[PDB]
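J.: need coordinates for the below:
(chains A and B)
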Amino acid sequence: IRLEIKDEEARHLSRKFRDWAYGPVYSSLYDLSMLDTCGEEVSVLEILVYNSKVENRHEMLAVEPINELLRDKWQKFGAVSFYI
Amino acid sequence: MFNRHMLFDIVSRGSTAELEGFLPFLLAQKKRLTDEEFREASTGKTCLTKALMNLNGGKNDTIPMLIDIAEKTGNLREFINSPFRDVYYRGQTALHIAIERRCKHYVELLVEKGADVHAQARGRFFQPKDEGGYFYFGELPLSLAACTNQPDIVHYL
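T.: Numbering: from 1, shown residues only, chains lettered A, B, ... in the order given. There you are, the coordinates:
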């Protein structure tokens, strides 16, 4: 997930990026390549929840993008699905 | 070349030898550096503002040269003091950018040629987080230099 390669030829497969660095504020950029598979077979996040029976899944959800990725779709779908 | 797209590139390239003969070229076609077209129609980003964005180790030799070309046209208080014309990055000048990237050598160059100290970067980006912006500093370059953990500009201002 934290994959940023300096080699500049294996760059198109790098995962972490740096958008803009205006002083104190850094703008990182994570790819949702397999995290939220919209029209694909099966996702990373689905196996984190539906398939993995390992104890470490509590820690494994506490990685950087997924703590904010889950807050994305919660803010868009939580208030709607509750009201229904 | 003779267009704007060549000029906005080479400044980011930082090759002053590829910018030769343009000061007599404005003598021919009577054009100012910030007349209509050598400035972004969406934002207002000029050549000097573009010069401070892309840096070569924090050094671009076009920066005194763009002031030099502006001196012959007579826009030293205009080519430096032209803020952004957009809404989101509204009011940001080249003085705000040079303080931002800690070009202490270039901060001294702007004011000596004439720079508005009290230019307010009052854009929607420069608002606090409750208002929709990402970074707040009170819209002032003196306050900006204090917010960038740099007292050296603070001594200079």
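J.: only C-alpha atoms for contact and neighbour calcs from this point on.
T.: Fine.
J.: all strands for chain A, in order.
T.: Here chain A has its strands, by DSSP state E, at A:16-18, A:28-30.
J.: mind listing what the residue of chain A found nearest chain B touches?
T.: Nearest to chain B, among the residues of chain A, is residue A:23, at 6.7 Å (CA to the nearest CA). For residue A:23, the contact set (CA atoms under 8 Å, 6 or more residues apart in numbering or on different chains) comprises B:100-101, B:148.
J.: now do residue B:82 against chain A, distance only.
T.: Applying CA to the nearest CA, to the nearest Å, the value for residue B:82 to chain A is 21 Å.
J.: hmm, that residue is touching residue B:93, no?
T.: Yes: in this structure, residue B:82 is within contact of residue B:93 by CA atoms under 8 Å, at 6.4 Å.
J.: three-state assignment of the residue in chain B sticking out farthest from the centre?
T.: Distance to the chain centre peaks in chain B at residue B:130, reaching 28.2 Å (criterion: CA atoms, centre = their mean). Per DSSP: H, G, I helix; E, B strand; the rest coil, the secondary structure class of residue B:130 is coil.
J.: residues from chain B in reach of chain A?
T.: With the criterion set to CA under 8 Å from any CA of the partner chain, chain B comes near chain A through B:100-101, B:135, B:148.
J.: all the helices of chain A, residue numbers only.
T.: Listed in chain order, the helices of chain A (DSSP state H) span A:44-46, A:57-60, A:64-83.
J.: most packed of those helices?
T.: Comparing these by mean neighbour count (mean count of other CA atoms under 10 Å in any protein chain shown), helix A:44-46 comes out on top with a mean of 14.
J.: circling back: next, format the strands of chain A as TSV and append mean neighbour count and distance to chain B.
T.: Listed next are the strands of chain A as TSV, based on neighbours: other CA atoms under 10 Å in any protein chain shown; distance: least, CA to the nearest CA, whole Å:
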stretch	mean neighbour count	distance to chain B
strand A:16-18	14	15
strand A:28-30	13	14
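J.: compare the ones you listed and give me the one nearest residue B:106.
T.: Closest of the strands of chain A to residue B:106 is strand A:16-18, at 25.5 Å (criterion: CA to CA).
J.: who does the closest one touch, helix- and strand-wise?
T.: The helices and strands touching strand A:16-18, judged by 3 or more CA pairs under 8 Å, 6 or more residues apart in numbering or on different chains; DSSP states H and E, are strand A:28-30.
J.: run through who's touching the strand it packs on.
T.: A:1, A:15-20, A:65.
J.: partner strands of that strand, parallel or antiparallel?
T.: Here strand A:28-30 has these sheet partners by DSSP bridges: strand A:16-18 (antiparallel).
J.: check which helices and strands the host helix or strand of residue B:65 sits against.
T.: Residue B:65 is part of helix B:62-73 when elements are defined by DSSP states H and E. Where contact means 3+ CA pairs under 8 Å, 6+ apart, helix B:62-73 is packed against helix B:47-53, helix B:76-79.
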